[PDB]
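Residue numbers (the authors' numbering): 114 to 226.
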RNA sequence: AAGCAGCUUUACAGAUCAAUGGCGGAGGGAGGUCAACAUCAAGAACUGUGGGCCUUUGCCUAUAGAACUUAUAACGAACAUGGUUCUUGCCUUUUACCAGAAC
Ligand SMILES: [Mg+2]
């Protein structure tokens, strides 16, 4: 097994460097989701109970999405829908109409966060 | 529109009393605080049918039919409630509330 690893060379990849630091939250950034279609913005749920939407190219802040009362743990953006799904430690799963930026279609049943 | 002729029918006397041609006829009418199924808010908006293009979709062209609803816009010349979210009001907590919005 060990002579077959030395027989093989890994693919070269280009290294990574920091290009932009964005300071906008009041707590920890706990989750990041990208726009799956057309790639203009990303959204960061956080520890200050609010999700912010950041433009990918310029780095400016587009909007803030409040509506959770505890820390937003994960954020998922849909490719087939204009829907944003967001869970938190406050036992809530929420949907968001991105054509309206309002909470629709709330989900219920998790015993904990 | 009286009257005459032409036309369409009509009670019919017919010609034919055949092959015909026209209209009607080859399982009703009125209803029911009966039922089922469709359908009832959108480029001012529908569908069937023929033709051509591309390769079925879509477009263009020709044609037929469009009930109900709608312009001081809506089936209802009528008018309640609930959910979420935002902003207020009441001010021990909650429910029940206050009264505007958006969905
Ligand atoms: Mg108590």
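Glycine included, each C-beta is placed from N, C-alpha and C at the ideal position.
Original post:
Among residues of its own chain, excluding the 5 on either side of residue 175, which ones have a beta-carbon nearer than 7 Å to its beta-carbon?
Top reply: Translated into positions along the first chain, residue 175 becomes position 62. Only 154, 166, 167, 168 meet the Cβ criterion.
Original post:
What is the residue span of the beta strand (DSSP E) that residue 220 lies within?
Top reply: Mapped onto the first chain, residue 220 falls at position 107. Unbroken beta strand (DSSP E) run through residue 220: 215 to 220.
Original post:
residue 204 by DSSP, collapsed to three states: which one?
Top reply: The residue labelled residue 204 in the question sits at position 91 within the first chain. It is coil, neither helix nor strand.
Subject >> Beta-ladder partner(s) of residue 157, from DSSP >> reply: Residue 157 sits at position 44 when you count from the first residue of the first chain. Paired residue(s): 145, 165.
**OP:** Inspect the beta-carbon positions of residue 211 and residue 196 and report whether they are closer than 8 Å.
**Re:** Numbered from 1 along the first chain, position 98 holds the residue referred to as residue 211. Numbered from 1 along the first chain, position 83 holds the residue referred to as residue 196. Cβ atoms of residue 211 and residue 196: closer than 8 Å.
Subject >> residue 117 - DSSP class collapsed to helix/strand/coil >> reply: Taking the first chain and counting its residues from 1, one reaches residue 117 at position 4. If DSSP states are grouped into helix, strand and coil, residue 117 belongs with the helices.
**OP:** Tell me whether residue 224 sits in a helix, a strand or coil according to DSSP, three-state version.
**Re:** For this step, residue 224 is matched to residue 111 along the first chain. Of the three classes helix, strand and coil, the one that applies to residue 224 here is coil, per DSSP.
Original post:
To which residues of the same chain is residue 143 closer than 7 Å at the C-beta, ignoring the five residues directly before and after it?
Top reply: Walking along the first chain from the start, residue 143 turns up at place 30. Counting only Cβ-Cβ distances below 7 Å, and skipping sequence neighbours, we find 158, 159, 160, 184, 185, 186.
Original post:
Are the beta-carbon atoms of residue 178 and residue 163 separated by less than 8 Å?
Top reply: On the first chain, position 65 is the one that residue 178 refers to. On the first chain, position 50 is the one that residue 163 refers to. Contact flag set, yes.
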